[PDB]
Amino acid sequence: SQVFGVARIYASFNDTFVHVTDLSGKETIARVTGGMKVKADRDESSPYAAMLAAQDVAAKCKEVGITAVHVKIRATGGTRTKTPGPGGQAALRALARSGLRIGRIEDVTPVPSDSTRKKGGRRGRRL
Amino acid sequence: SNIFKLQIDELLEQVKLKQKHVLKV
Amino acid sequence: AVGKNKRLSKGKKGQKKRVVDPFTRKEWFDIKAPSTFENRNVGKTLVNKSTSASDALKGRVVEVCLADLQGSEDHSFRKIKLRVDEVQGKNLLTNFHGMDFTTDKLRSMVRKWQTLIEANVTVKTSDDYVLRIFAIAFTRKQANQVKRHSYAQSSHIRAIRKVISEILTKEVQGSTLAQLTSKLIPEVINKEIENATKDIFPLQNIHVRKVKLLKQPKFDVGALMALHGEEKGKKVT
Amino acid sequence: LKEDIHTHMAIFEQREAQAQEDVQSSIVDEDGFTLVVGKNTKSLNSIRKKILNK
Amino acid sequence: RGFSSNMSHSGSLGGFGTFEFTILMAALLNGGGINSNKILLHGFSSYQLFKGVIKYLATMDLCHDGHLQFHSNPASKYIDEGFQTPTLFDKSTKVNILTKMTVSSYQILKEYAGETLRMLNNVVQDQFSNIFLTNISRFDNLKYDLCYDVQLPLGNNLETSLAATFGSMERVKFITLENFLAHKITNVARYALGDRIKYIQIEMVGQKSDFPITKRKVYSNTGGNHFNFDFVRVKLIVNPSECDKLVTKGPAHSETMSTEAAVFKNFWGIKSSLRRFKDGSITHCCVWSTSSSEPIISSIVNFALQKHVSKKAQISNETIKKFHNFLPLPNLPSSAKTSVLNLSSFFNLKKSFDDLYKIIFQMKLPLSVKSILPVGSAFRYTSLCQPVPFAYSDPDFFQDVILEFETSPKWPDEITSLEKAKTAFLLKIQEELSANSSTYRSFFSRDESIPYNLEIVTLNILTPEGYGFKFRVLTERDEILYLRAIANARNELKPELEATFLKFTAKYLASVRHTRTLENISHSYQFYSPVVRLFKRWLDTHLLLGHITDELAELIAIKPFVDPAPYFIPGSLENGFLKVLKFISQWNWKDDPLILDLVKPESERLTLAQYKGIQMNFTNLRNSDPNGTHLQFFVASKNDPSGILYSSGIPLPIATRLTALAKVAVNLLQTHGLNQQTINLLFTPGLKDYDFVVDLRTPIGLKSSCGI
RNA sequence: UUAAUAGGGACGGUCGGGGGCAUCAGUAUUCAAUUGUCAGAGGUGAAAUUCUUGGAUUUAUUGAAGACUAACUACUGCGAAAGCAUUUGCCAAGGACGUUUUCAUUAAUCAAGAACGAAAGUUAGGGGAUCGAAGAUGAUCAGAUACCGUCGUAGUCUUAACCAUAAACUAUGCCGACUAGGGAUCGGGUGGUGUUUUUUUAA
């Protein structure tokens, strides 16, 4: 009676993607982002945008039949931060509020054993 | 390959017809 | 940014109207796990109805925690990839594809003031499944040890790594994958490692990190059916 | 079987214990030569056979 | 291969003769490729010239997709288009040289060339004798999986209906009724069976080609100058994967009934109908019933031929039925309806073991369990009688299983203490198994198979589903202690001690490997399990299993499968069993070793280095034992490189019986064709040559308690 | 004549992210194939070029290319310095320790000259994933976020030679003797001891 989905969360600096799919991940069930639900670019990464996107998919999730989801949150990774930002957690918070049962939570951020040189340069970046 | 080649030759000579019957017919 | 003040973009010119609900055609498909796993029920998936549905099913890989499959929280730190191989009446027969842990427990296990030992081997099973094993080992201090750290000399590391390679090779070569997966679940492989490496140096947190399936032989439905333990239709009266 | 097994191990452990003490007891010949016994060695019969083998 | 230049539409296999063989050379020697490049060069030797045509015929298709053209009087070029018939056009003469070559025979030709090309490319093993010095044409049964003789009606002329079917149009197409009728059988038989078969041959038995000067046409005793044949024999090469399919799949349903559906519904008639399945597909299919006495192919040909060829036709293959009946019939539900390829009884056994498998692991013991390995006959699908719940009179009821624990340094250093320590571990396994799982019953028994090791005690568990399992404990120290005994033993006693070690590894070490390969190897060889069981039955009738270990009977029985050359892989019970008897008859075990590649059909294949090493072993043993008194059968593989592991201790008299009986059985088949009387002889023991014979009767009948 | 708490040489068990030649693994970046889905994706303090309905961004199964060894990583290790972090093998070299083995002053300082010599740069091939002087281009609104965004040449890598410069720092010639205590670490060796180990394969 309990069909399980897979809610993949990608929380970037400038946007948050809420992605729900089947257990395999081959077939997409519903996709929303902060850009969908906001009118300005500066607020794509805002936690408010994450909650609206998460609610949108969850209503879609209850349409399709899916009642539970396994969460695999991630950040940009690679040469950048390895931890999801506040948009990622806020999307996780909304999914609980939608009522969908959360099966398992894991961080799947790409962690390089070896990384190409970052774009910042010697002096640094994010001034 | 040389083992096979010699094996070919043994088969030919064993089954080779006796030329005397060629003259007879 | 969906506001009106947002700049108009070129891509907006050509938009495909939403007239077709995607999910009218998708038909639900149920997945089952090999008999090696206690809980065979591992959920369901969806594919577009045959115009076929089978081709998209075959080659599909699903990753799942053993804790669900074995019904015990002792396996919460491990996941199994299972690949679809045969389709029968919406029941998707899958086979083992790989194994790994989650990221968090790997990070938890790596600590300071100790040496990391990692050994990898490429080896094939008796049934011609070529696979790659990764085993991870950590140094520990004795009960009466006073030194803060428990570093091991490179000679010990090489001596241990050799012992890791031989045991991993021996287990894989003298076993089938179905037998191999049967060994992975009880974590027996780790226990012979810690006995085998007992004399060289005391170790802790012995685990087989990653299992990769590099190559596969010709598919055999008969063997697949045996691993999982045909049907007449219904008359249209 | 339970009794037969129990008696047999009880006897064997006593004999094994005695053998291990004998080897690692600083054996010295009549003329003051100290025999060598490696650690974990359990039986003097084993030490002899190593010499015969090698 | 029994191939000739004679006509094939009549029914005899042939149409490819020497001048077909030579003219293919000359056509290839001036080209043959799609780019009209030479495939064979005039400087090639005999070996290269022969290899090219065998490779050329094996891979290029000349019948359905593609044909070859050449100029006798201009480079030969391979065209992609095909005429749907074997064609080698000659533009200079406007003559197709493969006109006499039939479609059905061509596939068998293409198969034979391909399988030889694989042998020709083989470098590990010499294949000269198989390629050229082995006649497969002696027996039709050994070549062809199933043979059916069809007795046509009114056979001093064929029935008016059958003669009417010939008609005038087909006289133009096919000059003689024999040519047409043979074609009629092939289409209906091919179409009826479809994927169930690989190759089909129709032979007009008793056809003559020479007649006296005083007469105008050939005269058959049944024919009466009307039809030059006695009866038709339908011979098949079955496909084991789908030979036993219950339902013959067909075209899918459509709003308008399609042409393929038209030919579908008409052909099977009332047997044709429409069905649905779990997948939701709606397809026209017909459903048959499985039986333990005959295959599904028996019903299809009988119904297909009768409906289309002649309603009075008599179709019979009793030789299959006798062999099927000789296999014991298990006492399970719907045993009679169960197919001989069904291993349902075997799957039920390991499921009960899996229930016990989970129990033993969670149980707490002083030493953690390394693994529990089933090593039984029913686990490898070779038990003569299929497992039956609560049928404990069966000799194979109690199934051996190997239990191994984590390596520990506390194992006793002495053999008797070690084995007694093993019983103590088993004694625990009995104890809290009884407490936690009372539904399981248990008892202890002693084992004396290993000589001079009398402390072995095995735990017999009577499983609630009704199966018995025997457990013995394996430990690393056990192997080296035997080596210690051999080293310490006196020089005169060392040959005796190594024999004790040989039996130990045969049960504990090599036994595990034997199941692992054979169990995996058994699947694609679907008919290996029935033939080895029937083969084992034949040994028991002649009082030979008592001296032959169970594993040797399996290794001898798998040779036709792993090494089918010059024949094909067995696809029927009789073809495989007679192949096993044929091999034993012609096996010269004193000078010829038996070595098998226990691998799947085309890694773990024997390489050149491994091959020569085993050959070196055989010469060394035969140097010390030329007459073979000590050792007779040299059976080796990757599991057993020594080659003496499963063939030691057999008395020389018994070893000669296996070859002597096999020889007479082959001679009996030659003198008298395969028929009910001959088979009954093959499975009854003479019992007269023995010096003295003692008869015994048990107080009660054991057949019911054996699950038969 | 000693055989320098001078030295050289030897022998042995070790020891090292010392070096050269091959070899293996490893995620990550970019690109490509297939695949489910769909409106924006990206980026900033905020925005504009840019890619995107021929499906962008992301999901999943893979493959290819070039770099490169995270976490373990420490007031720890090696090397004359510059510098050196995946596995395995080959080749030669070396510090320290032990030696009841060996030559017997063979040593210290120092010109020219010679070798190596971070990064950057020059000449002629290969490669060119990432970053990226220069150049082009968008925005030029708001002072903590005030100089960012895209494309991106030379370069970043390697082969055969030049260039020989750094806060190339103890901001500090070299060799030798003497002038305070304490415990932490690394390599070697010595004695004791009791825990982990372990047993007639070897170690």
# chains A, B, ... in the order shown; residues from 1 in each chain; ligands from 1
call {"tool": "residues_around", "arguments": {"residues": "residue 2 (chain C)", "least_positions_apart": "2", "cutoff": "9 Å", "atoms": "only C-alpha atoms (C1' of nucleotides)", "output": "list in words"}}
result
residues 35, 36, 37, 38, 39, 40 and 41 of chain A; 4, 5 and 6 of chain C; 40 of chain F
call {"tool": "write_last_selection", "arguments": {"atoms": "C-alpha atoms (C1' of nucleotides)", "output": "PDB file, in the first residue's frame"}}
result
ATOM      1  CA  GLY A  35      12.928  30.114 -10.451  1.00  0.00           C
ATOM      2  CA  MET A  36       9.462  28.682 -11.083  1.00  0.00           C
ATOM      3  CA  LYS A  37       7.902  30.243  -7.985  1.00  0.00           C
ATOM      4  CA  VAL A  38       9.627  33.657  -7.678  1.00  0.00           C
ATOM      5  CA  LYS A  39       9.598  36.893  -9.676  1.00  0.00           C
ATOM      6  CA  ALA A  40      13.200  38.074  -9.107  1.00  0.00           C
ATOM      7  CA  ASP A  41      16.565  36.446  -9.743  1.00  0.00           C
TER       8      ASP A  41
ATOM      9  CA  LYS C   4       6.860  40.704 -15.850  1.00  0.00           C
ATOM     10  CA  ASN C   5       9.924  42.925 -15.379  1.00  0.00           C
ATOM     11  CA  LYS C   6      12.048  39.879 -16.253  1.00  0.00           C
TER      12      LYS C   6
ATOM     13  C1'   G F  40      13.440  28.921 -17.914  1.00  0.00           C
TER      14        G F  40
END
call {"tool": "residues_around", "arguments": {"residues": "residue 674 (chain E)", "least_positions_apart": "5", "cutoff": "8 Å", "atoms": "only C-alpha atoms (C1' of nucleotides)", "output": "JSON, numbers by chain"}}
result
{"E": [319, 669, 679]}
call {"tool": "select_by_dssp", "arguments": {"residues": "region 24-172 of chain C", "states": "strand (DSSP E or B)", "output": "number ranges by chain"}}
result
C: 26-32, 41-48, 61-65, 79-88, 91-100, 116-124, 130-139
call {"tool": "residues_around", "arguments": {"residues": "region 45-48 of chain D", "least_positions_apart": "2", "cutoff": "10 Å", "atoms": "only C-alpha atoms (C1' of nucleotides)", "output": "list in words"}}
result
residues 19, 23, 36, 37, 38, 41, 42, 43, 50, 51, 52 and 53 of chain D; 199 and 200 of chain F
call {"tool": "write_last_selection", "arguments": {"atoms": "C-alpha atoms (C1' of nucleotides)", "output": "PDB file, in the first residue's frame"}}
result
ATOM      1  CA  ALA D  19      53.696 -30.098  26.949  1.00  0.00           C
ATOM      2  CA  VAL D  23      59.287 -26.716  26.218  1.00  0.00           C
ATOM      3  CA  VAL D  36      66.056 -22.682  22.512  1.00  0.00           C
ATOM      4  CA  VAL D  37      62.260 -22.735  22.181  1.00  0.00           C
ATOM      5  CA  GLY D  38      60.475 -20.234  19.974  1.00  0.00           C
ATOM      6  CA  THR D  41      55.856 -23.503  20.497  1.00  0.00           C
ATOM      7  CA  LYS D  42      53.775 -26.126  22.293  1.00  0.00           C
ATOM      8  CA  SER D  43      55.429 -29.572  22.048  1.00  0.00           C
ATOM      9  CA  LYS D  50      61.360 -29.681  12.507  1.00  0.00           C
ATOM     10  CA  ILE D  51      64.995 -30.788  12.743  1.00  0.00           C
ATOM     11  CA  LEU D  52      64.167 -34.044  10.955  1.00  0.00           C
ATOM     12  CA  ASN D  53      62.160 -32.188   8.301  1.00  0.00           C
TER      13      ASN D  53
ATOM     14  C1'   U F 199      49.599 -24.621  16.646  1.00  0.00           C
ATOM     15  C1'   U F 200      55.244 -29.326  12.613  1.00  0.00           C
TER      16        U F 200
END
call {"tool": "residues_around", "arguments": {"residues": "residue 82 (chain A)", "least_positions_apart": "3", "cutoff": "9 Å", "atoms": "only C-alpha atoms (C1' of nucleotides)", "output": "list in words"}}
result
residues 74, 75, 76, 77, 78, 79, 109, 110 and 111 of chain A
call {"tool": "write_last_selection", "arguments": {"atoms": "N, CA, C and O atoms", "output": "mmCIF file, in the first residue's frame"}}
result
data_model
loop_
_atom_site.group_PDB
_atom_site.id
_atom_site.type_symbol
_atom_site.label_atom_id
_atom_site.label_comp_id
_atom_site.auth_asym_id
_atom_site.auth_seq_id
_atom_site.Cartn_x
_atom_site.Cartn_y
_atom_site.Cartn_z
ATOM 1 N N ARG A 74 21.920 17.153 -2.041
ATOM 2 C CA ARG A 74 23.282 17.373 -2.503
ATOM 3 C C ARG A 74 23.500 18.858 -2.745
ATOM 4 O O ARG A 74 22.552 19.630 -2.909
ATOM 5 N N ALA A 75 24.770 19.245 -2.762
ATOM 6 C CA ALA A 75 25.202 20.584 -3.125
ATOM 7 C C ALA A 75 25.887 20.536 -4.487
ATOM 8 O O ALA A 75 25.936 19.497 -5.151
ATOM 9 N N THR A 76 26.419 21.685 -4.907
ATOM 10 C CA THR A 76 27.135 21.742 -6.177
ATOM 11 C C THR A 76 28.350 20.820 -6.169
ATOM 12 O O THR A 76 28.672 20.197 -7.188
ATOM 13 N N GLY A 77 29.036 20.718 -5.033
ATOM 14 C CA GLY A 77 30.169 19.821 -4.927
ATOM 15 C C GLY A 77 31.290 20.212 -5.872
ATOM 16 O O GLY A 77 31.502 21.388 -6.186
ATOM 17 N N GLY A 78 32.018 19.201 -6.338
ATOM 18 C CA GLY A 78 33.110 19.457 -7.263
ATOM 19 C C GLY A 78 34.181 20.310 -6.615
ATOM 20 O O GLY A 78 34.742 19.962 -5.570
ATOM 21 N N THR A 79 34.473 21.449 -7.241
ATOM 22 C CA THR A 79 35.457 22.394 -6.732
ATOM 23 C C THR A 79 34.858 23.405 -5.762
ATOM 24 O O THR A 79 35.569 24.316 -5.325
ATOM 25 N N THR A 109 26.483 14.684 -2.226
ATOM 26 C CA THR A 109 27.225 15.733 -2.907
ATOM 27 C C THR A 109 28.477 15.144 -3.556
ATOM 28 O O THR A 109 29.150 14.303 -2.948
ATOM 29 N N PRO A 110 28.823 15.549 -4.782
ATOM 30 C CA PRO A 110 30.072 15.052 -5.384
ATOM 31 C C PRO A 110 31.281 15.553 -4.609
ATOM 32 O O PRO A 110 31.520 16.760 -4.520
ATOM 33 N N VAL A 111 32.044 14.620 -4.050
ATOM 34 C CA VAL A 111 33.247 14.918 -3.288
ATOM 35 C C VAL A 111 34.444 14.446 -4.108
ATOM 36 O O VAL A 111 34.718 13.243 -4.155
#
call {"tool": "residues_around", "arguments": {"residues": "residue 81 (chain C)", "least_positions_apart": "4", "cutoff": "12 Å", "atoms": "only C-alpha atoms (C1' of nucleotides)", "output": "ChimeraX atom specification"}}
result
/A:23-24 /C:33-34,42,59-66,69,94-101,181,210-213
call {"tool": "write_last_selection", "arguments": {"atoms": "N, CA, C and O atoms", "output": "short mmCIF file (atom, residue, chain, number, x, y, z; two decimals), in the first residue's frame"}}
result
data_model
loop_
_atom_site.label_atom_id
_atom_site.label_comp_id
_atom_site.auth_asym_id
_atom_site.auth_seq_id
_atom_site.Cartn_x
_atom_site.Cartn_y
_atom_site.Cartn_z
N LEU A 23 12.25 4.91 -7.98
CA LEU A 23 13.39 4.35 -7.25
C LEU A 23 14.61 4.21 -8.16
O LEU A 23 15.74 4.46 -7.73
N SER A 24 14.39 3.81 -9.41
CA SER A 24 15.51 3.70 -10.35
C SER A 24 16.12 5.07 -10.64
O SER A 24 17.34 5.19 -10.79
N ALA C 33 13.51 -8.67 -5.74
CA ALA C 33 14.93 -8.87 -5.50
C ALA C 33 15.29 -10.35 -5.56
O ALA C 33 14.41 -11.22 -5.45
N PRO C 34 16.57 -10.68 -5.73
CA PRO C 34 16.97 -12.09 -5.74
C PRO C 34 16.63 -12.79 -4.43
O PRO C 34 16.39 -12.16 -3.40
N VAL C 42 10.68 -4.78 -3.23
CA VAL C 42 11.56 -3.63 -3.20
C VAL C 42 10.93 -2.46 -3.95
O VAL C 42 11.63 -1.57 -4.45
N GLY C 59 18.05 -3.29 -18.32
CA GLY C 59 19.12 -2.34 -18.09
C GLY C 59 18.84 -1.31 -17.02
O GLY C 59 19.73 -0.50 -16.72
N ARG C 60 17.65 -1.31 -16.43
CA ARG C 60 17.33 -0.37 -15.37
C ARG C 60 17.98 -0.78 -14.06
O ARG C 60 17.90 -1.94 -13.65
N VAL C 61 18.59 0.18 -13.39
CA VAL C 61 19.34 -0.04 -12.16
C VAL C 61 18.66 0.72 -11.03
O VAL C 61 18.38 1.92 -11.17
N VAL C 62 18.40 0.03 -9.92
CA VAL C 62 17.80 0.62 -8.73
C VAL C 62 18.72 0.36 -7.55
O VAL C 62 19.16 -0.78 -7.35
N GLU C 63 19.03 1.40 -6.79
CA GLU C 63 19.89 1.31 -5.62
C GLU C 63 19.03 1.42 -4.36
O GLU C 63 18.18 2.30 -4.25
N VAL C 64 19.26 0.50 -3.41
CA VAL C 64 18.43 0.38 -2.22
C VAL C 64 19.28 -0.10 -1.05
O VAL C 64 20.23 -0.87 -1.21
N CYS C 65 18.91 0.37 0.15
CA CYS C 65 19.62 -0.01 1.36
C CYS C 65 19.29 -1.45 1.75
O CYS C 65 18.14 -1.88 1.64
N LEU C 66 20.30 -2.19 2.21
CA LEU C 66 20.05 -3.55 2.69
C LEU C 66 19.12 -3.56 3.89
O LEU C 66 18.46 -4.58 4.15
N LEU C 69 15.94 -4.48 2.77
CA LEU C 69 15.90 -5.82 2.21
C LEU C 69 16.12 -6.90 3.28
O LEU C 69 15.57 -8.00 3.15
N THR C 94 15.31 -8.87 -10.93
CA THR C 94 16.55 -8.10 -10.88
C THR C 94 17.70 -8.98 -10.40
O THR C 94 17.49 -10.05 -9.82
N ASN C 95 18.92 -8.50 -10.65
CA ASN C 95 20.13 -9.17 -10.22
C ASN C 95 21.08 -8.15 -9.60
O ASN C 95 21.04 -6.96 -9.92
N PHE C 96 21.94 -8.64 -8.71
CA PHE C 96 22.93 -7.80 -8.05
C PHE C 96 23.81 -7.08 -9.07
O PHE C 96 24.21 -7.66 -10.09
N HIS C 97 24.12 -5.82 -8.79
CA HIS C 97 24.92 -5.00 -9.69
C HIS C 97 26.09 -4.34 -8.96
O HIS C 97 27.16 -4.15 -9.56
N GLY C 98 25.92 -4.00 -7.69
CA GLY C 98 27.00 -3.36 -6.94
C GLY C 98 26.59 -3.10 -5.51
O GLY C 98 25.43 -3.29 -5.12
N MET C 99 27.57 -2.65 -4.72
CA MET C 99 27.35 -2.35 -3.32
C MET C 99 28.31 -1.26 -2.86
O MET C 99 29.47 -1.22 -3.28
N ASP C 100 27.80 -0.38 -2.00
CA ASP C 100 28.57 0.70 -1.40
C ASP C 100 27.88 1.13 -0.12
O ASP C 100 26.74 0.75 0.15
N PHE C 101 28.59 1.93 0.69
CA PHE C 101 27.96 2.63 1.80
C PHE C 101 27.50 4.02 1.39
O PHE C 101 27.79 4.51 0.29
N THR C 181 27.43 -12.60 -2.87
CA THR C 181 26.49 -11.72 -2.19
C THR C 181 26.02 -12.33 -0.88
O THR C 181 25.78 -11.62 0.10
N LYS C 210 33.46 -1.01 -1.67
CA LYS C 210 32.77 -0.84 -2.93
C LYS C 210 32.91 -2.09 -3.77
O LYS C 210 33.96 -2.73 -3.80
N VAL C 211 31.82 -2.43 -4.47
CA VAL C 211 31.79 -3.57 -5.39
C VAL C 211 31.27 -3.06 -6.73
O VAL C 211 30.16 -2.53 -6.81
N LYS C 212 32.08 -3.23 -7.77
CA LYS C 212 31.75 -2.79 -9.12
C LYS C 212 31.70 -4.00 -10.03
O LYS C 212 32.52 -4.92 -9.90
N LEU C 213 30.75 -4.00 -10.96
CA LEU C 213 30.57 -5.09 -11.92
C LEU C 213 31.08 -4.60 -13.27
O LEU C 213 30.36 -3.94 -14.02
#
